[PDB]
$ cat model05.csv   # CSV, N, CA and C atoms
chain,number,residue,atom,x,y,z
A,1,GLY,N,-96.9,37.6,17.3
A,1,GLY,CA,-98.1,36.9,17.0
A,1,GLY,C,-99.1,36.9,18.2
A,2,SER,N,-100.4,37.1,17.9
A,2,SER,CA,-101.5,37.3,18.9
A,2,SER,C,-101.3,38.5,19.9
A,3,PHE,N,-102.4,39.0,20.5
A,3,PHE,CA,-102.3,40.2,21.4
A,3,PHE,C,-101.4,39.9,22.6
A,4,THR,N,-100.6,40.9,22.9
A,4,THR,CA,-99.7,41.1,24.1
A,4,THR,C,-99.7,42.5,24.6
A,5,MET,N,-99.5,42.7,25.9
A,5,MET,CA,-99.6,43.9,26.6
A,5,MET,C,-98.3,44.8,26.7
A,6,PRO,N,-98.4,46.0,27.1
A,6,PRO,CA,-97.2,46.9,27.1
A,6,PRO,C,-96.0,46.4,27.9
A,7,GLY,N,-94.8,46.8,27.4
A,7,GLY,CA,-93.5,46.3,28.0
A,7,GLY,C,-92.9,45.0,27.4
A,8,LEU,N,-93.8,44.1,26.9
A,8,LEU,CA,-93.4,42.9,26.2
A,8,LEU,C,-93.7,42.9,24.7
A,9,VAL,N,-93.7,44.1,24.1
A,9,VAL,CA,-94.1,44.5,22.7
A,9,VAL,C,-93.0,45.4,22.2
A,10,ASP,N,-92.6,45.2,21.0
A,10,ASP,CA,-91.6,45.8,20.2
A,10,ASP,C,-92.0,47.2,19.6
A,11,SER,N,-92.5,48.1,20.4
A,11,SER,CA,-93.2,49.4,20.0
A,11,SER,C,-92.1,50.5,19.6
A,12,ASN,N,-91.0,50.1,19.0
A,12,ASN,CA,-90.0,51.0,18.5
A,12,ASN,C,-90.2,51.3,17.0
A,13,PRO,N,-89.7,52.5,16.5
A,13,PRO,CA,-89.7,52.8,15.1
A,13,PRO,C,-88.5,52.1,14.4
A,14,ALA,N,-88.5,52.3,13.0
A,14,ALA,CA,-87.4,51.7,12.2
A,14,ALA,C,-86.0,52.4,12.5
A,15,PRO,N,-84.9,51.8,12.3
A,15,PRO,CA,-83.6,52.3,12.6
A,15,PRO,C,-83.0,53.3,11.5
A,16,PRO,N,-82.1,54.2,11.9
A,16,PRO,CA,-81.6,55.4,11.1
A,16,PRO,C,-80.5,55.0,10.1
A,17,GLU,N,-80.2,55.9,9.2
A,17,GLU,CA,-79.1,55.8,8.3
A,17,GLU,C,-77.7,56.0,9.0
A,18,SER,N,-76.7,55.2,8.7
A,18,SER,CA,-75.3,55.4,9.2
A,18,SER,C,-74.5,56.3,8.2
A,19,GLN,N,-73.7,57.1,8.7
A,19,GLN,CA,-72.7,58.0,8.0
A,19,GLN,C,-71.3,57.9,8.6
A,20,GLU,N,-70.3,58.4,7.9
A,20,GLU,CA,-68.9,58.5,8.4
A,20,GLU,C,-68.6,59.3,9.7
A,21,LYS,N,-67.4,59.1,10.2
A,21,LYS,CA,-66.9,59.8,11.4
A,21,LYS,C,-65.7,60.6,11.1
A,22,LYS,N,-65.4,61.7,11.8
A,22,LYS,CA,-64.1,62.4,11.8
A,22,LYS,C,-63.0,61.5,12.3
A,23,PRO,N,-61.7,61.7,11.9
A,23,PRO,CA,-60.5,61.0,12.4
A,23,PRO,C,-60.2,61.3,13.9
A,24,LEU,N,-59.2,60.8,14.5
A,24,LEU,CA,-58.6,61.1,15.8
A,24,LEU,C,-57.9,62.5,15.7
A,25,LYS,N,-57.3,62.9,16.9
A,25,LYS,CA,-56.3,64.0,17.0
A,25,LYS,C,-55.0,63.4,17.7
A,26,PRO,N,-53.9,64.2,17.7
A,26,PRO,CA,-52.6,63.7,18.2
A,26,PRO,C,-52.5,63.5,19.7
A,27,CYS,N,-53.6,63.7,20.5
A,27,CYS,CA,-53.8,63.4,21.9
A,27,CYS,C,-55.1,62.7,22.1
A,28,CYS,N,-55.2,61.8,23.1
A,28,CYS,CA,-56.3,60.9,23.3
A,28,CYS,C,-57.6,61.6,23.7
A,29,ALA,N,-58.6,61.5,22.9
A,29,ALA,CA,-59.9,62.1,23.0
A,29,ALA,C,-60.9,61.4,22.1
A,30,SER,N,-62.2,61.6,22.2
A,30,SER,CA,-63.2,61.3,21.2
A,30,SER,C,-63.9,62.6,20.7
A,31,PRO,N,-63.3,63.3,19.7
A,31,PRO,CA,-63.9,64.5,19.1
A,31,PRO,C,-65.3,64.4,18.6
A,32,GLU,N,-65.8,63.1,18.2
A,32,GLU,CA,-67.1,62.9,17.8
A,32,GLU,C,-68.1,62.9,18.9
A,33,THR,N,-67.7,62.2,20.1
A,33,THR,CA,-68.6,62.2,21.3
A,33,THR,C,-68.6,63.6,21.9
A,34,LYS,N,-67.6,64.4,21.8
A,34,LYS,CA,-67.5,65.8,22.2
A,34,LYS,C,-68.5,66.6,21.4
A,35,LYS,N,-68.5,66.5,20.0
A,35,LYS,CA,-69.5,67.2,19.1
A,35,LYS,C,-70.9,66.8,19.5
A,36,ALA,N,-71.1,65.5,19.7
A,36,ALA,CA,-72.4,64.9,20.1
A,36,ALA,C,-72.9,65.4,21.5
A,37,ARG,N,-72.0,65.5,22.5
A,37,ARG,CA,-72.3,66.1,23.8
A,37,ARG,C,-72.8,67.6,23.6
A,38,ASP,N,-71.9,68.4,23.0
A,38,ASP,CA,-72.2,69.8,22.8
A,38,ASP,C,-73.5,70.1,22.1
A,39,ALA,N,-73.8,69.2,21.0
A,39,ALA,CA,-75.1,69.3,20.3
A,39,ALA,C,-76.3,68.8,21.2
A,40,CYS,N,-76.2,67.7,22.0
A,40,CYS,CA,-77.2,67.2,22.9
A,40,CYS,C,-77.5,68.2,24.0
A,41,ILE,N,-76.4,68.8,24.6
A,41,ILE,CA,-76.5,69.9,25.6
A,41,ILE,C,-77.2,71.2,24.9
A,42,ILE,N,-77.0,71.4,23.6
A,42,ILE,CA,-77.8,72.4,22.9
A,42,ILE,C,-79.3,72.0,22.7
A,43,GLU,N,-79.5,70.7,22.3
A,43,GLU,CA,-80.9,70.2,22.1
A,43,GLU,C,-81.8,70.0,23.3
A,44,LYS,N,-81.2,69.6,24.5
A,44,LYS,CA,-81.9,69.3,25.7
A,44,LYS,C,-81.2,69.8,27.0
A,45,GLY,N,-79.9,69.7,27.1
A,45,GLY,CA,-79.2,70.0,28.3
A,45,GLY,C,-78.6,68.7,29.0
A,46,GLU,N,-77.6,68.9,30.0
A,46,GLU,CA,-76.8,67.9,30.6
A,46,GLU,C,-77.6,66.8,31.3
A,47,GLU,N,-78.6,67.2,32.1
A,47,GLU,CA,-79.4,66.3,33.0
A,47,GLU,C,-80.6,65.7,32.2
A,48,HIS,N,-80.5,65.7,30.9
A,48,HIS,CA,-81.5,65.2,30.0
A,48,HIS,C,-80.9,64.4,28.8
A,49,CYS,N,-79.6,64.2,28.8
A,49,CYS,CA,-78.8,63.5,27.7
A,49,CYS,C,-78.1,62.3,28.3
A,50,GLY,N,-78.7,61.5,29.2
A,50,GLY,CA,-78.1,60.3,29.8
A,50,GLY,C,-77.6,59.3,28.9
A,51,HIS,N,-78.2,59.1,27.7
A,51,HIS,CA,-77.7,58.3,26.6
A,51,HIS,C,-76.4,58.7,26.0
A,52,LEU,N,-76.1,60.0,26.0
A,52,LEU,CA,-74.8,60.6,25.5
A,52,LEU,C,-73.7,60.5,26.6
A,53,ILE,N,-74.1,60.6,27.9
A,53,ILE,CA,-73.2,60.3,29.0
A,53,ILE,C,-72.9,58.8,28.9
A,54,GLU,N,-73.8,57.9,28.7
A,54,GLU,CA,-73.6,56.5,28.5
A,54,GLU,C,-72.6,56.2,27.4
A,55,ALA,N,-72.8,56.8,26.3
A,55,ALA,CA,-71.9,56.6,25.1
A,55,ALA,C,-70.5,57.1,25.4
A,56,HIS,N,-70.3,58.2,26.0
A,56,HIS,CA,-68.9,58.8,26.3
A,56,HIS,C,-68.2,58.1,27.5
A,57,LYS,N,-69.0,57.6,28.6
A,57,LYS,CA,-68.4,56.8,29.6
A,57,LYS,C,-68.0,55.5,29.2
A,58,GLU,N,-68.7,54.8,28.3
A,58,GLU,CA,-68.3,53.5,27.7
A,58,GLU,C,-67.3,53.7,26.6
A,59,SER,N,-67.2,54.9,25.9
A,59,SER,CA,-66.1,55.3,25.1
A,59,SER,C,-64.8,55.4,25.8
A,60,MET,N,-64.8,55.9,27.1
A,60,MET,CA,-63.6,55.9,27.9
A,60,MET,C,-63.4,54.6,28.7
A,61,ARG,N,-64.4,53.8,28.9
A,61,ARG,CA,-64.2,52.3,29.2
A,61,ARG,C,-63.4,51.6,28.2
A,62,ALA,N,-63.5,52.0,26.9
A,62,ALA,CA,-62.6,51.5,25.8
A,62,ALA,C,-61.1,51.9,26.1
A,63,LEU,N,-60.8,52.9,26.9
A,63,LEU,CA,-59.4,53.2,27.3
A,63,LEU,C,-59.0,52.6,28.7
A,64,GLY,N,-60.0,52.1,29.5
A,64,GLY,CA,-59.9,51.4,30.7
A,64,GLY,C,-59.7,52.3,32.0
A,65,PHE,N,-60.0,53.6,31.9
A,65,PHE,CA,-59.7,54.6,32.9
A,65,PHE,C,-60.9,55.5,33.4
A,66,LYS,N,-62.1,55.0,33.2
A,66,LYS,CA,-63.4,55.7,33.5
A,66,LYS,C,-64.4,54.9,34.4
A,67,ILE,N,-64.8,53.7,34.0
A,67,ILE,CA,-65.8,52.9,34.7
A,67,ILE,C,-65.4,51.4,34.6
$ encode --input "model05.csv" --output "structure tokens"
Amino acid sequence: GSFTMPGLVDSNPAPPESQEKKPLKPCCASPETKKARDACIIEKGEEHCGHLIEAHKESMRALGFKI
């Protein structure tokens, strides 16, 4: 409500559709974050996918051996 300036304004688009994930493998990995890494490295490259690094480092924080 009423005018407000940049950085204190919700200037985001609407959120995306959710879909299913692949299962695990018989050794500990995240094959979905691997697929998403490989695809983001195709779309932009390693030094431009910091959100995907965040997702996979916090995915291995879920195993307690990364950060």
$ atom_distance --input "model05.csv" --atom1 "atom CA of residue A:47" --atom2 "atom CA of residue A:12"
23.6 Å
$ atom_distance --input "model05.csv" --atom1 "atom N of residue A:41" --atom2 "atom C of residue A:19"
20.0 Å
$ closest_residue --input "model05.csv" --among "A:24, A:8, A:67, A:53" --to "residue A:36" --atoms "only C-alpha atoms"
A:53
$ atom_distance --input "model05.csv" --atom1 "atom CA of residue A:59" --atom2 "atom C of residue A:14"
23.7 Å
$ select_by_dssp --input "model05.csv" --residues "chain A" --states "helix (DSSP H, G or I)" --output "JSON, numbers by chain"
{"A": [31, 32, 33, 34, 35, 36, 37, 38, 39, 40, 41, 42, 43, 46, 47, 48, 50, 51, 52, 53, 54, 55, 56, 57, 58, 59, 60, 61]}
